[PDB]
Chemist: 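Below: one structure in structure tokens.
Basis for what follows: all heavy atoms, side chains included, without hydrogens, waters or symmetry-related copies. A note on names: the letters A, B, ... follow the listed sequences, proteins ahead of strands, and every chain is numbered from 1. Start at 1 and go down the list; that is how both ligands and their atoms are numbered.
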Amino acid sequence: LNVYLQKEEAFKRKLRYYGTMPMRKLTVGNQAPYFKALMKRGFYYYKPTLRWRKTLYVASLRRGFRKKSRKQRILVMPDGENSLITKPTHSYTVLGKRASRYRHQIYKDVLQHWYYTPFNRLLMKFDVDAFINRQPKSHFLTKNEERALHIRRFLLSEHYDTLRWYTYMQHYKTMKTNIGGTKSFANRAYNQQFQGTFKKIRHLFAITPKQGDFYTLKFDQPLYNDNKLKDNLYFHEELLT
Amino acid sequence: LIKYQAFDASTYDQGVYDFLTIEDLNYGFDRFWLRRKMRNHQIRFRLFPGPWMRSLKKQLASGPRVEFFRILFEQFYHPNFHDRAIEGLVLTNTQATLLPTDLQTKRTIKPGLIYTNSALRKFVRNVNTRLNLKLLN
Amino acid sequence: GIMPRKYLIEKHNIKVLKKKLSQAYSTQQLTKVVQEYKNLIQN
Amino acid sequence: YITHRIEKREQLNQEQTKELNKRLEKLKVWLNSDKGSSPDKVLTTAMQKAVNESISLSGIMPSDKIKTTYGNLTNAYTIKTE
Amino acid sequence: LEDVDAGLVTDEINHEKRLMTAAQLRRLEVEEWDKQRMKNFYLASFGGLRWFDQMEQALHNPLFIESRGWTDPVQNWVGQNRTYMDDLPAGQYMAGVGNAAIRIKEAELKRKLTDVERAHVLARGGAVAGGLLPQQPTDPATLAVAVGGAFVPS
Amino acid sequence: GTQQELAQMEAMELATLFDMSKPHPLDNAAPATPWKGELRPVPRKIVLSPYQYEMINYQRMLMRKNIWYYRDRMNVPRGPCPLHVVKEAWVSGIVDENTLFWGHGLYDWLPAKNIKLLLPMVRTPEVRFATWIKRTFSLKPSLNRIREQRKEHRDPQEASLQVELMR
Amino acid sequence: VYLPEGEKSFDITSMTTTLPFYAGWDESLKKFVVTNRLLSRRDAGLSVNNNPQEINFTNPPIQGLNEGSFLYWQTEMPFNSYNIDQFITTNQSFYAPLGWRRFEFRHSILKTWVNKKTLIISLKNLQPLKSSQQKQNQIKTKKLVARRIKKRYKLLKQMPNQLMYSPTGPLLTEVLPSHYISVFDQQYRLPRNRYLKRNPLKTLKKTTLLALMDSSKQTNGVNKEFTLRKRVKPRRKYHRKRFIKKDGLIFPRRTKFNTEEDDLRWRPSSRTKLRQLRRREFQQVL
Amino acid sequence: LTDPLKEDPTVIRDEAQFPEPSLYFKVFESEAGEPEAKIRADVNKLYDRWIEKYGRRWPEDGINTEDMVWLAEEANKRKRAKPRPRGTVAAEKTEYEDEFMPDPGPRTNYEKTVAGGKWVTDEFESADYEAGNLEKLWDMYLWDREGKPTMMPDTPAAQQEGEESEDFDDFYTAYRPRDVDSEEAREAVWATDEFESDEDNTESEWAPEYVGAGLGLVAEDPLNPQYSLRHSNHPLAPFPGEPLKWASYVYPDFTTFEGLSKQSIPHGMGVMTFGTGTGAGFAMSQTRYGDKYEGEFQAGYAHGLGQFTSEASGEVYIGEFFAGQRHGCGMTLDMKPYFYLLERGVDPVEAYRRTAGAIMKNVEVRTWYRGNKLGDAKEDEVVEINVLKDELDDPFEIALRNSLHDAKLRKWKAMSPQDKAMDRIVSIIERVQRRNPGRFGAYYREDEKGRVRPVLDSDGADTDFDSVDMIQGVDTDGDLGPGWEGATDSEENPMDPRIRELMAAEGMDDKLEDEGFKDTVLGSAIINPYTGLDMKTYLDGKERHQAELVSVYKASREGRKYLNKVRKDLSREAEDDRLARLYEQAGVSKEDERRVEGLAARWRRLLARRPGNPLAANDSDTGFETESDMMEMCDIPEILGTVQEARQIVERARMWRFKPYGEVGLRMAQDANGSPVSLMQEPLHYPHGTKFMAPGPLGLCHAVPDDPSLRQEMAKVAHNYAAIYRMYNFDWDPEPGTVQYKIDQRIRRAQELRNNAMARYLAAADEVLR
Amino acid sequence: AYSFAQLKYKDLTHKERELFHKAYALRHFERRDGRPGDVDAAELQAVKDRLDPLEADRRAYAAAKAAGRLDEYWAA
Ligand SMILES: O=P(O)(O)O[C@H]1[C@H](OP(=O)(O)O)[C@@H](OP(=O)(O)O)[C@H](OP(=O)(O)O)[C@@H](OP(=O)(O)O)[C@H]1OP(=O)(O)O
């Protein structure tokens, strides 16, 4: 029993290879750290960091620096101690920089919301109605039906996984509990969403069912059968004889 | 973005994007907001000299405090902004046949493989400790 | 400014083989195994 | 082996003695004007921040910042040995 | 069996131990790296030897930093990934067994429950089920509950 | 007493409910009503929200420059297909809703009707009228003639792909 | 392995050959036929048999690379070799990085837990050392030899003008994917921005000693310890306009130090009675 | 009960505004390194505040004077450590007047501002306030009466020697008394701007995650595990930004690639054919002209599952790949005789009949580690041998170790997080000291004359640390490792002793020269004036040397006489008594301990590398540096399953192989004479009576050419197409006895069980609340 | 300068390495003393055949089949 348990531990350490792992030993002939480095950097991943905003635009010093020294303010007409440090009060005015940035953000929000108002999108509505009425009427689905189809797809994937040779492994339970039953992610259930920027549509659409009761954004479409299915759908009738 | 050619005119399959995303170039309010300087009012005098007219104009509750939130409400309305609104141990037969005897379980353990493996390891450790202590006595 | 550096992979392989045989408490097989590996390099 | 063992060691010892003399003079500079460890001394900033990071991530709820001293290290070592 | 039932599972303790160890180790390494870079930078600037400048450049190698794993979050050290579980909405839709009931009762009472009341209610609800209900992501019964709570009545 | 035991048993059942290797007594059970082959009722009234309109517009923006490919019966990719070439192939009866297609936004090859917006693009009213004409007056009589001429087409096992070409 | 496999066929998906068809002359059946037999990839592109005599192509497949050839097809190759990248410092350092590992926290450990003349040794009363100490003794000599090899102070003293001597670890690989250069696309800050550029005090004058005495007196004789770290904020003068006062004299404004009576605290006294701004090249940009 | 899966879809009606308030007005923790979000955060707070007062997310009037005060102090608070004020002054204002600023709803600034506080007065410059903040933070005097700095140089910076001028707000913050942290230093010098007064450190900047295959991960959304790949460069990551493209590349060395690609790099699945040279991470010597690899690609590497085929040699490998080398389970065949007979004019059936048995008998199944075959260095027996070795110890050690294992868990279960952190720090220190223990008490001594002198050893070394392993590394045991041009394939051929000793002496004199240069460059600066700590020793890590030297000098007779002249003008015992108290309090006498030790040693130990499993996942103290050079070998069922899945992966990847109009297709599809051929891949034209290949109604009109092999191929293709079809189209009312029927039954059972559990929870809540 | 063969074949002699290096790298126009025809084709082809015998045998069989002298092929 001790030998069996230690073999289980060794198998789990082997299974550790299929996820995130540290590679802290550089040795001759080992290409794993190079692969990790190329995966970390080598492709561009969009993110609005400081390096990106500095790249976009900093300022135009035509008349020199546009930001000047700060001027403390003091109350004229009437603190938890902490008198060790005197905090800056230059921003308490409404005419300052921070209030200008806040007003800029508020204006951007208000105008973005007003940009998509229903009475400013009539032609788009007409054209989309005309375009979407071309598809057969049975291809429209409710949200609950779409979620049920997603659940059916992944449960059927698990059921088909239950028929593989892995089930005959000595340590199959550990592999199923840790990995999930298959050694490749491509043999599982996933959505077809591989175009467009993730960070740009974060506040616009929903990409996962747990976000709420919304239609998820994806480029694939599960459907119900609209007729009694013929088993030899893709088979040529000449081959059936 | 005066340092770059901030417009997309690609054709067919060819097209590349990095730090200038598709949404910023082609989609919705991002493209519209990124070109907000086209709609900024400017002061110009076609005939009269500039400095004199500028001086006269400068010769003539504030704007940002109240007018900013007043004009937006009056012109660009949106309800989101302006509306008030026992056998608890499940052992495989391989695990069962490795136990020295037939043992009784008196507790219900949470389902999962980790708890079963921990119980087996603790049993092995206890048996080894008992054997060693008995031998050394 | 040409400063030579060599690709030492066989040395590392021999060291790793020695380590693996040491961890198995089978050092008496060392001279049996490593030598064979060296022959595999020759032909 | 003899040349490496004896002569070079003597040269290194002489250089170390010279540097020690310079350091002693530097200390004497303050010792002249002094005109006069505790378990309350804080640790190095690295060890002072690693504890904060581990406390921040490990705890169920984030905790306030602390400045670890040597007394806490002594207590932990004593507890483990006990 | 008693030790296992008491919660003294080896894995759940060793995981936290190794996570904290990695957390301290990363900082303890990155500070010595900074000190060694500063020494070489001062030797190269205030001196006149290019060898120390090349040493500092070698210390500034991105491959060395990636191999050291300082950029990676500490969770990737132990084997799991950093999850932002608070970003997902916390509402009645896909709420879990306890949270949905608590929210329904709060809506019925038209007032939010306090911490002590919530703790007592959750404790009694777990006890009445024997504690076998899933409570952590690694529990095998989380997927069943998620599937069960995936349909909104019309 | 009994309530706690029932709750624990239900928790245990929940623990292993989706373990597809474990047989379950509710499998192949008798339904409340006798089984009869039903079909999903066809919707009549559809009211799209602005969310759906904007999502459709965004998807149309993403796919307005796509070039599509499709697979034949011999599992060979077939031709660079812009939108009008796809429309012509649909009209000619070479492809249908069951053909495997690929575009820019996908990772695998999927049936044409399972791609989000591919059928609305192809099915202009002229395309519908032309494909109906082609199905009714060209392909159907030829299929009847080839069935009558050669006995290798077994009468009991005959495909019905021509009947549904119009859709 | 004594497991049943007759119910299935071990193939979840059938393996179908994917080869396009074309029409041509078989020359064996002497018939015009449609087939899918293409020329093998072991001969495609290398030669043609158009004329009755075979023609071998020389230039088309490249079988070598030099400086100019590499410069012409720099971004079009599937791999990069060390033989050419060894002449660039950053590329060479990427090929052979430092092997620094198993850090010793000598800067931070400091105190421990709990608390020599030459001896004449007679040879007859000595015993052989165990095998666990011979290796340890040899390790120090190996380290000395490594220091002689890799940090010869003679070469690095005259390296920049007439030599090339750089610190690198062992060579880890000979070829790399050609797109590894992208790792260098995002640069780091220059060292001058990260650290200070001037040394602290080198002498202790009267005012410094007075301030140190006051500080030591405040802490009941338990002296403070000072650390030298990296910069905590960027230089303000580079992006901000700041007033310049007198000739650098600063008179701090604050509240009085809190504990009076006999011994107060006294500030030490020594005597005791318009162009356009240029644009700097930033390093942390995309 | 109502059937959840059979709701009538007669009327479909959704009500969702596109600017969704649920998704728009929200701040995510995923957006942490983005500066602009910070501003948005404050704006969001303002919105909530307005909703708390007017309920419309819009303010009456506008932004007031007190809104900024609230958003600065009251809105968000940051963690501090501890205050410690005092109630009496310690300075005198008898100097020039207005020297110290005075210090006596008046509750706070926000309370006064909302009560009618103008806050319009302006006075003084920022530099004075920053200097005062730094002075109070140091609790020292940093400037004298005249205004010249007392703790930093006051002379103009020497342009020569490489020095440059530095402002006080940087020097007094990058050099501090070690009881002030970076955050307090930044807060003291008024660092407020988000965009320009902040920079990201080299080792703390955000980077995409590395997930490898992305199999074992914690699913934030259990239904969709793909949602957890959004922060990586995985091929199946949601919305990369640029669509994956069907790349068909021909390289100048005639290496060809066809398959999915991200940006411009191979990524996803595909087939690569090797010409002269190599690619996909393979070694230069592995490939030949005409070999191919079919399967998964990642970041240009053959990473995942795949198959490697070599037509020249006949080797066929099916299985797992990591990076660009074989790593995992694999299956190897040698079909060389079949190809040999095929190339000599033998029809495939006859060649197969001749050479099927020999090829089938020589099928190999193997486990590979980093391109090396395991099973020849007793990798299989390591675990059992280690278990037996652990069982070979003496009983007392085994019992004590097993008791300690439970004791550690029981102690950790109840500790506080701060106690846990301290324990881990102690463990790290012990692990470090296991390799490089400091020579405490053996750094400096006094000679016969009384002069302090360094304490060297049998060599010219002051500490065990050497700075040459930083560029070469150290193995697990302590050896260095490979170096530049090390040669000596096996070091059983050692270097000549004379050369070794000569080079050791040369290295010693080189070290002396390096020490001299370091001293003459850095020894002039002062880091700690109280102990005379120069910059050289501080940056060399020898601060404990100075700490011991100070005490050694002060305890010396010469130091005592110097101190007298200038005046003219844990411990071992504590640990021992604590151990004695612990022994006494447990009722265990030393005689019992001696008896047990004698029983263990003389009776048991005399009667007849740390203990544990070398391949262990959880290891308590690890260091994340010890490397295992082996793995648990795959068994036959695992290898069979791996091959079964690899064949599926290869079949799915072989669908990107003959892009209609691509460089590889145009330039590598040739006839016998090498001339290009017109492949039948037109989207509209099916010539030479091949219209039966049309995947539509047109195909049924025509007949197949009556070839059994062609019919079998078409049947297999149709089976694959139906298998693909079944994954996206379902039945509304499945028949009992089918898989989908049982799936629906299990879904309904899950819903019912969750409803019952929620009802029980509601009953418990009702009982508690009333 | 490398010739894609010193990195592929590990048993090349110095003469063969120099032959490949001059033939496929640093061509006669890229060498200060290089002249056209310096590299013999027969020796290079012989080395290539020595490095891969089976491909040469296959091509020889193909040539013999084209010339109709399979008896001479099998009698070698
Ligand atoms: O330790 P001791 O018993 O006093 O003997 C030593 C020993 O000589 P013996 O082994 O013959 O007794 C030394 O020789 P080694 O054993 O180390 O080879 C020898 O010194 P040398 O090695 O130079 O011969 C030394 O004598 P001395 O100190 O005069 O050189 C002599 O000690 P005693 O002279 O006191 O007997």
Side-chain angles (χ1 to χ4, degrees), chain C residues 27, chain D residues 1-6 8-11 13-21, chain G residues 116 118-134 136-149, chain H residues 434-448 450 452-466 468-469 477-480 488 491-513 515-516 545 548-549 552-553 555-556 558 572 598 601 609:
Chain C
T27 58
Chain D
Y1 169 79
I2 286 300
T3 52
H4 165 257
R5 178 65 168 85
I6 299 182
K8 308 297 179 58
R9 186 179 183 272
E10 181 71 21
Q11 303 170 12
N13 198 22
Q14 296 178 2
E15 307 308 318
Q16 266 285 288
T17 305
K18 294 183 177 62
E19 297 195 22
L20 173 145
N21 290 17
Chain G
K116 303 181 182 63
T118 307
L119 304 90
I120 301 298
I121 295 298
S122 180
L123 195 64
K124 53 186 178 181
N125 49 260
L126 280 181
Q127 75 292 339
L129 285 175
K130 294 179 295 299
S131 299
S132 181
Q133 289 294 321
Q134 301 180 4
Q136 182 175 359
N137 294 337
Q138 293 172 9
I139 282 180
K140 194 63 192 61
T141 311
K142 200 89 57 180
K143 289 187 177 184
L144 285 180
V145 175
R147 166 175 290 276
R148 161 63 173 93
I149 294 182
Chain H
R434 281 216 309 268
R435 301 182 67 94
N436 179 88
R439 300 180 181 179
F440 307 101
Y443 284 140
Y444 297 93
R445 71 177 189 273
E446 60 279 4
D447 57 2
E448 307 86 3
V452 184
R453 277 190 155 272
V455 179
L456 277 72
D457 63 325
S458 302
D459 200 359
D462 199 10
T463 183
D464 311 72
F465 169 76
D466 192 0
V468 77
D469 56 12
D477 54 73
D479 199 1
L480 285 177
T488 67
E491 273 200 343
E492 53 89 14
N493 288 10
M495 59 192 304
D496 200 63
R498 319 161 64 181
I499 309 297
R500 179 183 56 187
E501 300 294 334
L502 182 64
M503 298 174 73
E506 292 177 353
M508 266 208 62
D509 65 60
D510 292 330
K511 173 60 180 183
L512 178 58
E513 300 182 27
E515 284 293 334
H545 294 55
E548 177 162 323
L549 174 61
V552 168
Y553 171 78
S556 181
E558 175 188 12
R572 182 69 60 179
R609 198 54 51 243

Chemist: Would you say atom 8 (O) of ligand 1 touches the protein, meaning some protein heavy atom is under 4.0 Å from it?
Modeler: no
Chemist: Tell me the protein heavy atom at minimum distance from atom 13 (C) of ligand 1, and give that distance in Å.
Modeler: G:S122 OG, 4.9 Å
Chemist: What do you think, any protein heavy atom under 4.0 angstrom from atom 23 (O) of ligand 1?
Modeler: no
Chemist: Does any non-hydrogen side-chain atom of G:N137 lie less than 4.5 Å from one of G:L129?
Modeler: yes
Chemist: Name all residues meeting the ring-ring contact (aromatic ring centres under 6.0 Å, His included) criterion together with H:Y444; count only those two or more places apart in sequence or in a different chain, and write none if there are none.
Modeler: none
Chemist: Which class fits the ring pair H:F440 and H:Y443: parallel under 30°, tilted 30 to 60°, perpendicular over 60°?
Modeler: perpendicular
Chemist: What protein heavy atom sits nearest atom 18 (O) of ligand 1, and how far off is it?
Modeler: G:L123 CB, 4.3 Å
Chemist: Any protein heavy-atom neighbour for atom 16 (O) of ligand 1 (distance below 4.0 angstrom)?
Modeler: yes
Chemist: Flag atom 36 (O) of ligand 1 as yes if some protein heavy-atom distance to it falls below 4.0 Å, otherwise no.
Modeler: no
Chemist: Among protein heavy atoms, which lies nearest atom 3 (O) of ligand 1, and at what distance?
Modeler: G:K124 NZ, 3.1 Å
Chemist: Could you walk me through whether H:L549 and H:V452 pass the side chain to side chain contact (heavy atoms under 4.5 Å, CB included) check?
Modeler: CA-CA 8 Å; H:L549 174 61; H:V452 184; 3.7 Å; yes
Chemist: Can we say H:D464 and H:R439 salt-bridge, meaning some charged N sits less than 4.0 Å from an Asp/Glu carboxylate O?
Modeler: yes
Chemist: Please list, chain by chain and in numerical order, all residues satisfying side chain to side chain donor-acceptor pair (under 3.5 Å) with H:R500, sequence neighbours excluded.
Modeler: none
